[PDB]
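Shown here is one chain on its own, the form solved without the ligand, set out as structure tokens.
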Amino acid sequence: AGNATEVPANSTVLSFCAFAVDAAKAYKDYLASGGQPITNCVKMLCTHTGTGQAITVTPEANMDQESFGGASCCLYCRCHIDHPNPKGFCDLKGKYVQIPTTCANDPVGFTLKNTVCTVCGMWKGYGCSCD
């Protein structure tokens, strides 16, 4: 009974992060010890003529990015654990997230390490027009 959501290549990393006091640190450490990044994300097919904004209602990848389903790029959603937000809600679930193509092999790791500019809506260091 039920429907599988996961593949065996992700069992170890998701188990490790599901039990960690600090899941983001555990994921970073798992990668540094040679582990594979989380796979089975929701990658979208799009026209690559989007705005390039980081978090959007529909896919908005420009030619330097890929678009993903937002929950699938969130470590807390993938491990079914608490979000470190004040009210415990997610800012990626229910949106699409644009990830630089050079980082698209590890979308979960990308969202953990990076920040969206509140002024221009683009990732800091990967599109932000403010600095």
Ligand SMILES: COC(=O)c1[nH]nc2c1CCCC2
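So that there is no doubt, residue numbering starts at 1 and follows the sequence shown. Take the two forms, superpose them, and find the largest set of C-alpha atoms that agree within 1.5 Å; that set is the rigid core.
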item	value
Which of 30-38 and 88-96 strays further in 9 other deposited structures of this protein - Cα RMS after rigid core alignment	30-38
Between the two ranges 70-78 and 85-93, the one averaging a larger CA B factor in the entry	85-93
121-129 versus 4-12 - greater average Cα B-factor per the deposited record	121-129
C-alpha B-factor winner, where the candidates are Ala18, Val116, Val108, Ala24	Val116
Selection by C-alpha B-factor (highest) of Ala61, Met44, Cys41, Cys103	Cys103
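From this point on, the text means the form solved in complex with the ligand, which you will not see here.
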| property | result |
| --- | --- |
| Site test, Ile55, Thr111 and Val116 vs the ligand in the bound PDB entry, non-hydrogen atom cutoff 4.5 Å | yes |
| Interface membership of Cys79, the ligand in the bound PDB entry, 4.5 Å heavy atom rule | no |
| is_contact(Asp64, the ligand) in the bound PDB entry, heavy atom dist at most 4.5 Å | no |
| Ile38: touches the ligand in the bound PDB entry, heavy atom cutoff 4.5 angstroms | no |
| Neighbours of the ligand in the bound PDB entry among 85-113 [non-hydrogen atom within 4.5 angstroms] | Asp91, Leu92, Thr111 |
